[PDB]
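This report refers to the structure that appears directly beneath it.
As written, the chains take the letters A, B, C, D, E, F and G, and residue 1 is the first residue of each chain.
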Amino acid sequence: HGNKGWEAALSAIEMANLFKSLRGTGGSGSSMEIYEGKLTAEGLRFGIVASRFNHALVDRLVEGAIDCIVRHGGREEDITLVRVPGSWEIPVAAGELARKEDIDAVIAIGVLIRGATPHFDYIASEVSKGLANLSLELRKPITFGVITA
Amino acid sequence: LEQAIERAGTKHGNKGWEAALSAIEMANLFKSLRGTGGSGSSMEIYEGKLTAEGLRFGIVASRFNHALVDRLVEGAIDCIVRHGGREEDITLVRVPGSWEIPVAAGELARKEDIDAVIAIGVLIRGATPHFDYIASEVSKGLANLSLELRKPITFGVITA
Amino acid sequence: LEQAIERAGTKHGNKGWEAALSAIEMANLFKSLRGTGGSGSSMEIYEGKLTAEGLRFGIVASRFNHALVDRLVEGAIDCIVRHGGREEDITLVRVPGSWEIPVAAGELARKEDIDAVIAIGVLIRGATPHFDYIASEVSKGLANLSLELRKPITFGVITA
Amino acid sequence: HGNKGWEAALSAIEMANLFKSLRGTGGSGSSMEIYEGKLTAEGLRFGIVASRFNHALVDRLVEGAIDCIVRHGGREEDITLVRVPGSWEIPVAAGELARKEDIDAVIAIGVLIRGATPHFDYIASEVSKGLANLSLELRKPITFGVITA
Amino acid sequence: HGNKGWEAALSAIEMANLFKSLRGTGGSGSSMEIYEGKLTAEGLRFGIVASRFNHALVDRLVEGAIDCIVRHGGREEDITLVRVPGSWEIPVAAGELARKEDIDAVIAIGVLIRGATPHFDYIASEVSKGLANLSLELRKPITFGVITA
Amino acid sequence: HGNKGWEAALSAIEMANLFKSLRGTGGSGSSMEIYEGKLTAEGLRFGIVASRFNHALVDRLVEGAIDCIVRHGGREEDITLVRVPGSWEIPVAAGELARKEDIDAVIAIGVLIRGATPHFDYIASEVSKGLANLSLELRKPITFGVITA
Amino acid sequence: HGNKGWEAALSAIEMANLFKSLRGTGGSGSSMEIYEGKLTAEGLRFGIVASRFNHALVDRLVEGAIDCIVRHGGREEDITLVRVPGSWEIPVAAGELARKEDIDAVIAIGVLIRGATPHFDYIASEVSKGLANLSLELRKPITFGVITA
C-alpha cells in the first residue's frame, strides 16, 4: 500500500486517463479549460518491466503494482509482464512494450546498488536518462519505480 | 607446461561469462515479443530462454591490459558453446583502446545477421577527482546505440 | 488474484534450480566420457555442456511441508524447459515422507530411458542432540544407489 | 488414529499402489507424467513384524495397523504377523518376510529405550540401518514404526 | 610445493609403482621380501577429478598436482582432467575414470565448508566414505586431496 | 492425522457412501443384508462451516479436513467453505448449505471455551442441539468437529 | 466498544451480507468457492428487541448497538427498536419483528439478573432456547447478546 510499487502504479493510471481526454474534441469555451486525470482503471492496458537483481525486494514491489491496478477496476487479462537480467536492460526492454499500440502505460520497477563510494555511478545514470528520453520520443507515459539501497 | 596451468583455470563466473549469459536471454526474449501472441484469460508473462542455438553474436574487446581482457573473452566464448552455440557463428573484433569501442559496436549491430553484441573492456583508475571523460562516453555511447537500433548490447567492463 | 502473486515470484536461484542444473551437466559429461576420445598431444579436459535437449529426467519429492517443496519442484521444471528441455520427457513421483525417497529413486534410476534423477525434500529440526537416524539414511542411501547404477543422482534437500 | 501404528499402515498402503503403477505400461503421453499412490487397499498382502519389549504399548499399535488395512478395503486373510524377542531381531525377521513373492509391503513396529548414555545406542542405529538397506536390495517398501520413549 | 595438492600427487606416484611390482613374478627367496614404491613417473597414466566450489582455492591445488607429476618425468599427454559442479559428485565422477584400463591412479582434489555448527555434516561424510569403498572394489589407488576450511 | 479435523472428514465420507447404498435398489437377497460405508470419495461434494474465534487453532483443522478429502480421491473443485463470526452462528449457516441439492455432507468445525461457571454454557448446548436437529429434518449427515479447550 | 452491545451488532453485520451472497449466483468455479461476509452496513434493514428490567445496564448496551450501524455506514432511519416488559417476552416479540419481509436481521439485548439462583434456570433456559429455534425455522439470522449477572 505504502511501498514504492503502489506509488508508481497510481501515477500510471492517472497519466493514462489524462492523455485520453486531451486528444478528444475541445469544449465550447467561455472559461479556462482545466484538464485532470481520473483514478478509474477500466478498459486500460498496462505493461511492467522488472529485473531480478535482489529479487527479494523486487518481488514485493511487483506484488504492490498488481494489487493497485486490480483494486481500481483493472482486469487481470490486461497486464503484460517482462523480466530482464538486470537494471542495464530496463530501457531497451521498455522500448518494445511502448511501441505496441495495445499498451497505454509502462511501469518500470527495479533496484540499484547503494554505491556512493565512487565520484559517480555511470551505470545507474543511463537507466534514468534512457527512460525519460523514450517517453518524449514515443509519446507515452513511463513511470520510474526504481528503489535505491 | 605453462599452457596447462592457463587452461586449468575456471571461466564460469567471470564478467565475460555474465555478459554472454545476459545477451542470450535478451536475444531470445526479443524473438518472442516480436512474433505471435497468447490466447488470454490470464496474466501473460514473457521470459527469455537460455538456448544459444541458431543465434549469431559479435564481440568487441580492447587491448589495454590484454592479460585480463583475454580471459574475459574466453569466458564469453565458452558460455556460447556450452549452451549449444556454434563456433562458426561468432565474430571477434579487437580495438586499441576504450575510447573507441562504441564506434566498432555500431558497425556490427547494423548488420542484418547479428542478434546481440557483447562489449568487453577495462577501465583504469576509476577513483580520481578529475572527471574521466573517456569513461563516461563509453557507457553513454553504447546505451544510445541499443535504443536506436532496437538490438541488445551488453556491457561487461571491469573497473581497475 | 492470489494466483498472480504466486506466479510473480522468481525461481532462478532456489535449491531446486541448483539441483536441476547440476543434473544436466553431469548427464552430458557422462555421454562424453563413455563415447569417443581425442587425438592427443595435449592435456585432455572433460567438462559437461549445459544443453538439456534430448535428455529424459525423473524427479522424486516428498510432501511434508508441501508449501515449500512445491516451489522447489517448479524451479527444477523451469530450469529444464528454459535450457531447451521438452516437457513431455519428465516424470514426477510424489512420496509421503523423507524416510522413503531412496526406495523410489532406485526404481526410476533402473529404467533404461532415464539419464539423471533430482531428489527434493525437507529436513526438520537438524539441530537436536538425538541422532536423526532418518536424516542420515536419506543421504547415505542415495549415494550408494548412484555408485551401483553408474548414473548421477542429485540431492537438493533444504534444512529446517 | 494418532498412534504411530495408523501412520505406518497409511505409508505402506500407498507405496504398494505406486510401485504397481510404475512397473505397469505407460500412458498415452504428450504431457508430464505424474505418479501418485491411491489409498485403495484391495488385493494387497501385508506383513507385520512386532517386538515384545514393553508388550503393553506395542499391543495397541498392532491393532491400529490391522484396523487401518481393513477399513481401507483390505481382506483380513491377507495379513501375516511375526513376533520377535526384541528390537535387535527386527531386521533379520523382516528380510525373511520380504523375500516372499506373496507380499507387497512390510511394517516394522517396535519401541526403543531412551539413549541417555553419552554414546549413541548401537542397537538403535543398526535397526534403522538394517531396514533401510533391505528396502534397496529387495526393491520393496519397508515402513518404519519404531517409537521412542 | 608444500600445498596439499603436492602431497596428494606424491602418494599417487608411489602407489601406482607399487602395484606394478606386486603383480610381477616372485623372487627366488632366501630372505624377507621387502616391497616398496619408487618416485619415477615415466610411463604412467593419471586422472584428476576436481570441483568448482571456491574455485580460488581449488585452482592453485590443481596447479600443484600438475607440477609435481611433470617434474618427476610425467608427460603432459598422460593427464586427464574432469570437473564436476560440486563435492557431492566427486565419488561418482571418479567411478568412470577408474574403470578405464588406461588410468593407473586417480587424484581427488576438492574443498569442504567449515561447518562444525551442526552435530554432524552428513554431506561431507559421503565423499570420504564413497572414495574409500571404490578403491577396494576396483583395486586401484585413489588419493584424497580434499582441504577443509 | 491426530487432529479432530481429520477425524471429522472420515466420518462424513463414509456416511455419504452408506446413504448412497441404502436408497439404491436392493441386492439378490437369500441372506442377511449388511450395509457399510466405503472410504472412496469419488463424486462426493462436501461443505465445511468454520468459526473464527481463536483463528489460530481453527486454521490447522480446516487444512486437515481438506487434506483428507483430496487423499481419498476427492476433487478439490467440489468443496464449499463458509466462515462465521462465532460458534452461535454455526447451526444457522449449516442449514443453508444443507438444503442445496448439490451437497452430500457437511462438516462443522469450531472451538468452545471452558465451562468453568456453575451453569452449563447455554451457547454450548444450542450448537449441539441445533446440528443434531438439522440432520433429522433434512436427512443428511452433519459431522461434529467442535473441540473443547 | 468493550460492551456486549458492540459485539452483538458487529456479528449481525457480517451475517447479513453472508446470506446475500449465498442465495446469489455462484463464482466462476474451478477452485474452492470460499464465502465470507464484509462489514458494509449500507442497504441493510435491522431491528432490535430490548427488555426493560434493569434499564440502567440495558440502556447503555442498546446505545452501543446504535453506534455500529451508524458508524459502519448504516442509515439511522432503518433501525427499529421494540421494548418489552421483561426477558420472558423477548422470543415472541422477536418472532413478529423477524417475520417482517423487510427486516433482514434482528438483535436481542437483556440482563438475566436472577440467574444467581437455580430457580431461575427454568426462565433462563427458555429465552436462549427459543431464539435458536426461531432462526432455523424462518431462515434468518438472530444475534443473541444478553449479559449474565
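Quick note on the criterion: a contact is a pair of C-beta atoms (placed from the backbone, for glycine too) under 8 Å apart; a residue touches a chain by one contact, two chains touch by 3 or more.
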Margin query: Going by the touch criterion at the top, tell me which pair is linked by more C-beta contacts: C-E or B-E.
Written below: C-E
Next item on the list: Let me have the rounded angstrom distance from the C-alpha centre of chain B over to the C-alpha centre of chain C, please.
Entry: 31
Note to self: Between chain A and chain E, what distance separates the C-alpha centroids? Give it in angstrom.
What the structure shows: 58
Check: Between chain B and chain F, what's the gap in Å when you average each chain's C-alpha atoms?
Finding: 63
Next item on the list: Indicate the whole-number Å distance between the mean C-alpha point of chain B and the mean C-alpha point of chain G.
Entry: 71
Next item on the list: At least two other chains touched by the same residue of chain E: list those residues.
Entry: 66, 76, 79, 81, 83
Note to self: Please list each pair of chains that are touching.
What the structure shows: A-B, A-C, B-C, B-E, C-D, C-E, D-F, F-G
Notebook entry, point to check: Where on chain F does chain D make contact in their complex?
Noted result: 1-2, 6-7, 38-40, 71-73
Checklist line | chain E contact footprint on chain C (complex, rising order) | finding: 21-22, 25-26, 29-30, 33-34, 40-47, 126-129, 131, 135-136, 139-140, 143, 146-147, 150, 152, 154-155
Item checked: In the complex, chain B residues that touch chain C -> 3-4, 7, 43, 45, 47, 49-51, 53, 82-84
Notebook entry, point to check: Touching chain C in the complex: which residues of chain A?
Noted result: 52, 55, 59, 62-63, 66-67, 70, 76, 79, 81
Next item on the list: Write out the stretch or stretches of chain F touching chain G in their complex.
Entry: 66, 76-77, 79-86, 88-89, 91-93, 95-96, 119, 122-123, 126, 129-130, 133-134
